[PDB]
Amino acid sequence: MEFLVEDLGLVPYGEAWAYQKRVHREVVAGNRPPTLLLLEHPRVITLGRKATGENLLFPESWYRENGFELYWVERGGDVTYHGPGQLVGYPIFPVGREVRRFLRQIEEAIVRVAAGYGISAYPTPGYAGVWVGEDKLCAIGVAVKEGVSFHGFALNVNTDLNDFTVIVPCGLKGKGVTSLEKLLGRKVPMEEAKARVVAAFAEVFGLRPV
(Lines of atoms letter the chains of each structure in order from A and count residues from 1; the text may use other names and numbers.)
(Lines give C-alpha, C1' and ligand atoms only; values in the text may rest on other atoms or scores of the structure.)
Protein backbone atom coordinates (compact mmCIF):
# COMPACT_ATOMS: atom_id res chain seq x y z
CA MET A 1 0.00 0.00 0.00
CA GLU A 2 2.99 2.34 0.45
CA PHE A 3 6.31 3.26 -1.09
CA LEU A 4 9.24 5.02 0.54
CA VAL A 5 10.90 8.02 -1.12
CA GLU A 6 14.51 8.87 -0.35
CA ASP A 7 16.02 12.04 -1.74
CA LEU A 8 19.78 11.48 -1.80
CA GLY A 9 20.64 14.83 -3.37
CA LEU A 10 23.90 14.84 -5.34
CA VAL A 11 25.78 11.52 -5.05
CA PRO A 12 28.76 10.03 -6.91
CA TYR A 13 27.70 7.21 -9.21
CA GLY A 14 29.81 4.49 -7.53
CA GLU A 15 28.59 5.15 -3.98
CA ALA A 16 25.01 5.57 -5.20
CA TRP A 17 25.31 2.21 -6.97
CA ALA A 18 26.49 0.56 -3.76
CA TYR A 19 23.50 2.13 -2.01
CA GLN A 20 21.11 0.79 -4.69
CA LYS A 21 22.45 -2.70 -4.01
CA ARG A 22 21.97 -2.37 -0.25
CA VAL A 23 18.41 -1.06 -0.69
CA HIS A 24 17.72 -3.85 -3.17
CA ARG A 25 18.87 -6.52 -0.68
CA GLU A 26 16.48 -5.13 1.95
CA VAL A 27 13.51 -5.08 -0.42
CA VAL A 28 14.28 -8.65 -1.60
CA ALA A 29 14.34 -9.71 2.08
CA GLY A 30 10.93 -8.06 2.66
CA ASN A 31 12.55 -5.77 5.25
CA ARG A 32 11.96 -2.47 3.47
CA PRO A 33 9.00 -1.10 1.48
CA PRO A 34 9.25 -0.54 -2.28
CA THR A 35 11.67 2.40 -2.42
CA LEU A 36 12.05 5.24 -4.89
CA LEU A 37 15.49 6.84 -4.73
CA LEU A 38 15.68 10.32 -6.22
CA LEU A 39 19.05 11.95 -6.81
CA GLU A 40 21.54 13.57 -9.18
CA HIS A 41 24.96 12.32 -10.21
CA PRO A 42 28.16 14.21 -11.01
CA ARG A 43 28.98 13.88 -14.74
CA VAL A 44 29.12 10.20 -15.63
CA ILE A 45 28.78 7.95 -18.69
CA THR A 46 27.31 4.48 -18.14
CA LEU A 47 27.27 1.57 -20.55
CA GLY A 48 24.52 -1.01 -20.19
CA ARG A 49 23.75 -4.47 -21.55
CA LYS A 50 23.56 -3.38 -25.22
CA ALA A 51 26.55 -1.04 -25.07
CA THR A 52 29.75 -1.48 -27.07
CA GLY A 53 32.85 0.62 -27.76
CA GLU A 54 31.01 2.05 -30.79
CA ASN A 55 28.86 4.01 -28.32
CA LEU A 56 31.81 6.20 -27.30
CA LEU A 57 32.98 8.82 -29.79
CA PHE A 58 36.36 9.26 -28.05
CA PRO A 59 38.43 6.62 -26.17
CA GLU A 60 37.37 5.89 -22.57
CA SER A 61 40.48 7.77 -21.40
CA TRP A 62 39.30 11.01 -23.01
CA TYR A 63 36.15 10.99 -20.85
CA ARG A 64 38.04 10.58 -17.58
CA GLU A 65 40.52 13.30 -18.61
CA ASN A 66 37.63 15.64 -19.37
CA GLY A 67 35.57 15.44 -16.18
CA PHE A 68 33.38 12.35 -16.63
CA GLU A 69 33.34 9.18 -14.61
CA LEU A 70 32.65 6.05 -16.70
CA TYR A 71 31.12 2.67 -15.74
CA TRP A 72 29.87 -0.55 -17.31
CA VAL A 73 26.56 -1.61 -15.76
CA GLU A 74 23.88 -4.34 -16.10
CA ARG A 75 20.76 -2.23 -16.86
CA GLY A 76 18.94 -2.38 -20.19
CA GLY A 77 19.93 -0.06 -23.04
CA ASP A 78 23.30 1.08 -24.32
CA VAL A 79 25.15 4.29 -23.42
CA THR A 80 23.80 7.20 -21.43
CA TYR A 81 24.93 10.31 -19.59
CA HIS A 82 23.98 11.55 -16.13
CA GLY A 83 24.97 14.91 -14.73
CA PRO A 84 23.84 17.85 -12.61
CA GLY A 85 20.30 18.97 -13.45
CA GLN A 86 19.17 15.48 -14.46
CA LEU A 87 16.73 13.88 -12.04
CA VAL A 88 17.78 10.26 -11.68
CA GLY A 89 15.23 7.91 -10.12
CA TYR A 90 15.87 4.37 -8.99
CA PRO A 91 12.62 2.58 -8.18
CA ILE A 92 13.69 -0.49 -6.24
CA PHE A 93 10.33 -2.25 -6.38
CA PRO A 94 9.17 -5.91 -6.02
CA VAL A 95 8.03 -6.31 -9.64
CA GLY A 96 8.35 -10.10 -9.89
CA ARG A 97 8.21 -11.40 -13.46
CA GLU A 98 6.32 -8.46 -15.00
CA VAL A 99 9.18 -6.22 -16.11
CA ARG A 100 7.50 -4.95 -19.29
CA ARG A 101 4.52 -3.77 -17.22
CA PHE A 102 6.91 -2.05 -14.78
CA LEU A 103 8.63 -0.19 -17.65
CA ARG A 104 5.25 0.94 -18.93
CA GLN A 105 4.37 2.27 -15.47
CA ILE A 106 7.61 4.28 -15.24
CA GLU A 107 6.85 5.66 -18.70
CA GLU A 108 3.31 6.58 -17.65
CA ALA A 109 4.55 8.40 -14.55
CA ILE A 110 7.01 10.46 -16.61
CA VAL A 111 4.28 11.23 -19.20
CA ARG A 112 2.16 12.51 -16.31
CA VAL A 113 5.00 14.69 -15.01
CA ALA A 114 5.45 16.25 -18.46
CA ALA A 115 1.67 16.84 -18.77
CA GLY A 116 1.86 18.76 -15.48
CA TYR A 117 4.17 21.25 -17.21
CA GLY A 118 1.84 21.49 -20.23
CA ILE A 119 4.14 19.23 -22.26
CA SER A 120 2.83 16.37 -24.40
CA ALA A 121 5.20 13.43 -24.07
CA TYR A 122 4.92 9.81 -25.16
CA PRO A 123 6.74 6.50 -24.76
CA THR A 124 6.57 6.08 -28.57
CA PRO A 125 5.80 2.69 -30.08
CA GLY A 126 9.39 2.11 -31.12
CA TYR A 127 11.94 3.85 -28.86
CA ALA A 128 12.83 3.14 -25.23
CA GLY A 129 12.38 6.13 -22.90
CA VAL A 130 9.94 9.03 -23.03
CA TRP A 131 9.98 11.49 -25.91
CA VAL A 132 8.66 14.94 -26.78
CA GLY A 133 8.40 14.89 -30.53
CA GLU A 134 11.74 13.76 -31.91
CA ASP A 135 13.73 14.42 -28.71
CA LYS A 136 14.28 12.16 -25.69
CA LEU A 137 13.16 13.77 -22.44
CA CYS A 138 13.74 10.82 -20.13
CA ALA A 139 15.93 7.74 -20.54
CA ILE A 140 14.76 4.49 -18.97
CA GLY A 141 16.85 1.37 -18.34
CA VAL A 142 16.35 -1.11 -15.54
CA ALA A 143 17.68 -4.37 -14.14
CA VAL A 144 15.73 -6.98 -12.19
CA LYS A 145 17.28 -9.47 -9.80
CA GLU A 146 15.42 -11.80 -7.44
CA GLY A 147 12.15 -10.19 -8.56
CA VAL A 148 13.20 -6.69 -7.47
CA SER A 149 14.12 -3.86 -9.80
CA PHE A 150 17.04 -1.47 -9.72
CA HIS A 151 18.47 1.25 -11.95
CA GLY A 152 15.52 3.22 -13.36
CA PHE A 153 15.05 6.50 -15.18
CA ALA A 154 16.83 9.76 -15.89
CA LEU A 155 14.60 12.79 -16.43
CA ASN A 156 16.25 15.83 -17.99
CA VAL A 157 15.19 18.80 -15.89
CA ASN A 158 18.05 21.36 -16.17
CA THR A 159 20.63 19.00 -17.68
CA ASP A 160 23.57 20.26 -19.71
CA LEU A 161 22.26 18.60 -22.87
CA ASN A 162 25.48 19.38 -24.70
CA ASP A 163 27.15 16.58 -22.72
CA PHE A 164 25.12 13.99 -24.70
CA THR A 165 26.93 14.89 -27.93
CA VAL A 166 30.06 12.89 -26.93
CA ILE A 167 28.19 9.58 -26.75
CA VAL A 168 26.70 7.66 -29.64
CA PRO A 169 23.50 5.60 -29.06
CA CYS A 170 22.92 2.58 -31.36
CA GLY A 171 19.62 1.23 -32.68
CA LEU A 172 16.20 2.80 -33.21
CA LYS A 173 15.91 6.35 -31.90
CA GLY A 174 14.61 9.83 -32.61
CA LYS A 175 16.86 12.75 -33.42
CA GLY A 176 17.92 14.43 -30.18
CA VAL A 177 17.54 14.98 -26.46
CA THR A 178 15.57 17.58 -24.55
CA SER A 179 14.86 18.78 -21.02
CA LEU A 180 12.12 20.61 -19.15
CA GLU A 181 14.44 23.64 -19.16
CA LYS A 182 14.88 23.51 -22.95
CA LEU A 183 11.15 23.02 -23.59
CA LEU A 184 10.07 25.78 -21.21
CA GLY A 185 12.91 28.26 -21.84
CA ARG A 186 13.88 28.49 -18.17
CA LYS A 187 15.19 26.32 -15.32
CA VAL A 188 12.68 24.29 -13.28
CA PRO A 189 13.44 23.81 -9.56
CA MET A 190 14.75 20.30 -8.87
CA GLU A 191 12.76 20.13 -5.62
CA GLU A 192 9.58 20.65 -7.61
CA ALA A 193 10.47 18.09 -10.29
CA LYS A 194 11.05 15.56 -7.49
CA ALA A 195 7.67 16.36 -5.92
CA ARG A 196 5.89 15.95 -9.24
CA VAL A 197 7.64 12.63 -9.88
CA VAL A 198 6.61 11.36 -6.42
CA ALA A 199 2.99 12.34 -7.05
CA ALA A 200 3.01 10.69 -10.47
CA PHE A 201 4.47 7.46 -9.10
CA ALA A 202 1.88 7.47 -6.32
CA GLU A 203 -0.94 7.80 -8.88
CA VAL A 204 0.34 5.28 -11.43
CA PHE A 205 1.33 2.56 -8.95
CA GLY A 206 -1.61 3.19 -6.60
CA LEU A 207 0.66 3.55 -3.57
CA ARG A 208 0.90 6.12 -0.76
CA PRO A 209 4.26 7.88 -0.55
CA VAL A 210 6.06 7.94 2.80
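Residue indices: 1-based, along the sequence shown.
> On average, which has the higher Cα B-factor in the deposited entry, 84 to 92 or 67 to 75?
Higher of the two, by average CA B-factor, is 67 to 75.
> What stretch has the higher average Cα B-factor here, 179 to 187 or 52 to 60?
On average, C-alpha B-factors are higher across 52 to 60.
> Among 155, 170, 44, 47, where is the Cα B factor highest in this entry?
Out of 155, 170, 44, 47, the record gives the largest C-alpha B-factor to 170.
> Comparing residue 10 with the other modelled residues of its chain, is its CA B-factor in the lowest, middle or highest third?
Highest third of the chain for residue 10's C-alpha B-factor.
> Sorting the chain's CA B-factors, does residue 145 end up in the lowest, middle or highest third?
Top third by C-alpha B-factor.
> Could you say whether, by C-alpha temperature factor, residue 202 belongs to the lowest, middle or highest third of its chain?
Its C-alpha B-factor belongs to the highest third of this chain's values.
> Using the B-factor values recorded in the entry, state whether the Cα atom of residue 97 falls in the lowest, middle or highest third among the modelled residues of its chain.
Top third by C-alpha B-factor.
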